[PDB]
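Here you'll find one protein chain in two forms, each presented separately as structure tokens under the names structure 1 and structure 2.
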Structure 1
């Protein structure tokens, strides 16, 4: 079934850019690639090129120009396409709100947990039968990659919070005050966004080593002015150079393979399929 145009393209690391991150810059020797999927179009062309001898595939989850809101993303096509290229590692870069004073706008967070409060994403899996698949996601992120992101941040002198629970909401509207109080005071979540689920579910089912590098862009409803879309975008674009510096530091060190014992999803299917 699988066809790419141009043919024969492969990559080792995938980067899924979120808010503010619509192009890479600069993969060398870039090529725009069309990757067939059983689910139709990924968000945009995938750009494949080289970073210090490592082949990287970049996909803007919202499309170039931020054309696709969180609820309308073809998550299945995006992850299928990256898997079809041969990627082993996936770095997601995302904008998040903070539910705690000490996670400040401009700080990075490398989450370790999530809570799914989405509702309208239509498909939360690749496996609709006849092989029933129930992956374990107790520890949903790839720890090998998490630790490499934290190390890079520290080496560059950036603040990187080493843990966090991400509450994923449906959107596109932001939370009410009453909702935000539930997330913060009842669920004791740390950060909030709209795009993690079902991206992470699908990455795990695909046996990828996936981790999120989140940038705090706002304090949700808790600052004297509530979050707006314009604020999020401005803070992300202001800080995108720091995100790029982290990526160009991390990627050369991903030439090898994830360590199985620090990659919860890397053999996910072995015990998950009935």
Structure 2
């Protein structure tokens, strides 16, 4: 509603690490405060120009990785992006792999998820009196998934074109017994902590949201189990490739998502009672 500075708008939102913003590319960056009914987003939003497209960058963990997955104000974050006018949301996330062929350093563009979170407090924007039940059979925006996959291929990177993400509560990593359940029983492909309720909220806000996941580790299945320092190290080693993909895709998002390939773009038409 109120922004400071006033009158700022953007077309594409990027949620992820602070390292994705590059001041050498983004023209006329401005730090923006956006009012939300839920209080503070994770940090200031940075708005600037990439090849003529206005982009809003939000670090989900805050600058300096100050906010763990369970403590993020997911409602404020998605509200703020929607208030700025964005239509496309690219989420960039680190994930663990549950399969030998999805290797550290590969990208995955997932198509499904399983929510095993417990403690996120709000899974919706709609607490009444209008009851809203969005259909999430196909929860990601296909228009954007396909654009991410094409970019990655054109740049020569490995991009797995499907994947089921199991979202766990954390902040601790899985036990071996849990990981066996995710991999052998649920048949999930990748594991992370931040997708839910971010994706739920993006869908309710009628955004075209997709995830670009970067595999950082093999969970408990290698010689050494995952540690936080390994995730950060691998991520920082490869953020350059994620940046190159982002600066390739964003100019192609000057237009609107195609309704027939955006499951959430008109979610509220059929969802509200």
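Residues that one form lacks are left out of the comparison. C-alpha atoms forming the largest set that superposes within 1.5 Å between two forms make up the rigid core. Positions refer to the first chain, counted from 1.
Just one of the listed positions, 52, 237, 31, 26, moves its Cα by at least 2 Å between structures 1 and 2 when the rigid core is held fixed, and it is 26. Structural comparison between structures 1 and 2 after rigid-core fitting shows the C-alpha of residue 203 displaced 0.0 Å. Under a 2 Å criterion for C-alpha shift, the lone consecutive stretch of 3+ residues that differs between structures 1 and 2 after core superposition lies at 18-26.
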